[PDB]
Structure formats: C-alpha cells, structure tokens
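Single chain ahead, by itself, as structure tokens, in the form solved without the ligand.
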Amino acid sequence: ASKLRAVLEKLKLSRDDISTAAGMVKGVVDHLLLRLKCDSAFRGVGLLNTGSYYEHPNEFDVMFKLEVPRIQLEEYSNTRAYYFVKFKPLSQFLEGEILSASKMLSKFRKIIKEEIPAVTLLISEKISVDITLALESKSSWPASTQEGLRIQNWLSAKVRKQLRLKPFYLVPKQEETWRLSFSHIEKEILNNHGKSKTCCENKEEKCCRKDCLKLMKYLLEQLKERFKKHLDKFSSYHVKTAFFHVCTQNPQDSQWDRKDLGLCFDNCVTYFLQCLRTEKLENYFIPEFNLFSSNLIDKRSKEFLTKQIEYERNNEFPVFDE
C-alpha cells in the first residue's frame, strides 16, 4: 500500500546516519573488548552481535558474552525466565554456591568506567550505547523453553533442532537472578526467515516480513513520541515478539508477498491488538512468560495502547500521514 511504502522510503533516508554511528560504536566497543580481555574474570569475553542493527539512530545495543564452564540453573520461584546460577576464575563473585550478578556487574562496570540489562549505558557524543553482559551456556536449554520456539510448521522441525543445539545466554535481570536471552536466535530467524531457503535471495521470492517488523516498530515509536509517559512500558521487543508469533501463524512465504504489504501489516497489527486486549504476549521462547502480565504492565496502560492502535487501524494509520 502507498502510505506504508512511503513510510518505508522515509526510514531509508536515515540509513547512512545509522551506519556511520555504528562504526563509531564498533570502534569504541572493539576498544573495550581488548581491555576487558586483560581482566581475569572477563578473559574469555567476546561480542555476541545481535539486536536491531545486526538484524535490519543515536541509541545502540551491544551484548558481551562470556563462556562459563558447566553451569547449573535454579529457577527463581515459578518465573520460567529468572534463575540463580551455580556450577557443577569467577569464584570471586560466588555467594557460597550462587553466582552474584551484582558482584559481577560491579567489576564489569568498574572496568569500562576505567576505560572511557543494561549494564553500562555509555556515551560517545550523541551516541547512546547500552552494553549488556551475557553468560554463555553451551548446555541443553532449560525446560521452561521445551514448548517454545514453535517454528516447526514455518522454518521446519530440523531447523528447530539445529537452533536448540546452539548455546543460550543469561543476562543479569530477587536480586542475584539472571534472565534467559536468545537474541542470537532472534537474529538468526529474522535473517533466515522464509519457508523457502532462498526467500529474499532473488526477485521471485521477495517477501515483506522484515518490512512488516520495521513498520510495527515505527508505529509504536511514533505513538510513544506523541506522548510526554502512558506508553513508557512498551518496547520494540514486544512488537518483535508479536511479530514472531504472526510468522508462526502465517508460515508460507506466499502469505508475505510484497504486493500484499498492506494486508500483511494488518495481520501484524491485528495480532498485537489481540495481545493487548487479552493481556497476553508469550515470550517466543518461554511460553509461560507473559510479557503483558499485570505484574509487568498495568491494565490501564494496556487498555490505553489498545485504544490508540485500534483508532490507527480503523483510520488507515493517520500517525503515518504526510
């Protein structure tokens, strides 16, 4: 549809500005990586490479991963996503048997501080980088994910098995808990997203999946930008999660034809609206973890965002107007 394509054209205008800043961040990040490598605790550290930039302007997100030897997890309450970690030289942060996140974060923060979720939010001039520490575990994924990643009918059972052989990550968050992270898998599915292995590799198989995700993120950004903080709790992660569920529901590449961009976008919006109304948005990897629970976002805010998105959809997205 013309309006949506005009919006996608407008977003392209900002590409080089994002590009150039990325190389400035990358220079600083490359610089911290080497100094973190000197410290005993962080000697194995490396760059995970994930998030918006890696997937397809002043804000950037970077994850530092650290290989931790044979890990053992303990689920904080019945949270599904939060854990204490223990083992089957990081013993300096051991609270007896349990790895202290705030001990690890304090030194991690101090080293970067010396050099100059999120751990560090740091600055080169008008560049905000969030830097996150992630423990890497090459073990089987925890049981809370056993019913997650429901890609079998879309990306295939074989791909699901291959993805679950990859490591998983833990990011520091009733204190001292770590949360599961699969940002590496999120990037892999967005960049290898078709039922056809050649989806978006030639002119006959251009789908509109990525453009739909971009449009959904831009929709939420624009609605937030209009308010000085009713929508503070909503993030691009909610939009991305909802988008993954919509790919599951529409597994065929022929359901994402570029010429059907308007209909595909409507699908994404209508699903996100359903999530708002039912107050349920399951983490794509951890189904019992409800991103839209009342513990996380009050009923009123969810109700409020429902009204605006409903208004936008019923009037052809005036927020996207010239």
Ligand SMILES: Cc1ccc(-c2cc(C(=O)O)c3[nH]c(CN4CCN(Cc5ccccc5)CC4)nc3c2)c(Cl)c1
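Note that the rigid core is defined as the largest set of C-alphas that superpose within 1.5 Å between two forms. The first residue of the shown sequence is 1; numbering continues from there.
Here the subject shifts to the form deposited with the ligand bound, a form of this protein not shown in this document.
Novice: Can you check 27 to 35, 66 to 74, 282 to 290, 250 to 258 and let me know which stretch has heavy atoms within 4.5 Å of the ligand in the bound PDB entry?
Specialist: Among the candidates, contact is made by 282 to 290.
Novice: Has each of 211, 271 and 274 got a heavy atom lying within 4.5 angstroms of the ligand in the bound PDB entry?
Specialist: Checking in the bound PDB entry: none of 211, 271 and 274 is within 4.5 Å of the ligand.
Novice: Residue 135: heavy atom within 4.5 Å of the ligand in the bound PDB entry?
Specialist: No, residue 135 is distant from the partner.
Novice: So in the bound PDB entry, is the ligand close enough to residue 39 to count as touching (4.5 Å, heavy atoms)?
Specialist: No, residue 39 sits far enough from the ligand in the bound PDB entry that none of its heavy atoms falls within 4.5 Å.
Novice: Even though the partner isn't displayed, in the bound PDB entry is residue 87 close enough to the ligand, meaning a heavy atom within 4.5 Å?
Specialist: Heavy-atom contact with the ligand at 4.5 Å: absent for residue 87.
Novice: Although the partner isn't part of this model, could you tell me whether residue 182 comes within 4.5 Å of the ligand in the bound PDB entry, counting any heavy atom of the residue?
Specialist: Residue 182 belongs to the contact set for the ligand.
Novice: Who in 185 to 222 is close to the ligand in the bound PDB entry, meaning a heavy atom within 4.5 Å?
Specialist: Heavy-atom contacts within 4.5 Å come from 185, 186, 189.
Novice: Report the residue, chosen from 156, 162, 124, 236, for which the CA moves 2 Å or more between the shown form and the other one after the rigid core is overlaid.
Specialist: The residue that shifts is 124.
Novice: Once the core is aligned, please say if the CA of residue 49 is shifted by at least 2 angstroms between the shown form and the other one.
Specialist: Comparing the forms between the shown form and the other one, which are aligned on their rigid core, residue 49 does shift its C-alpha by 2 Å or more.
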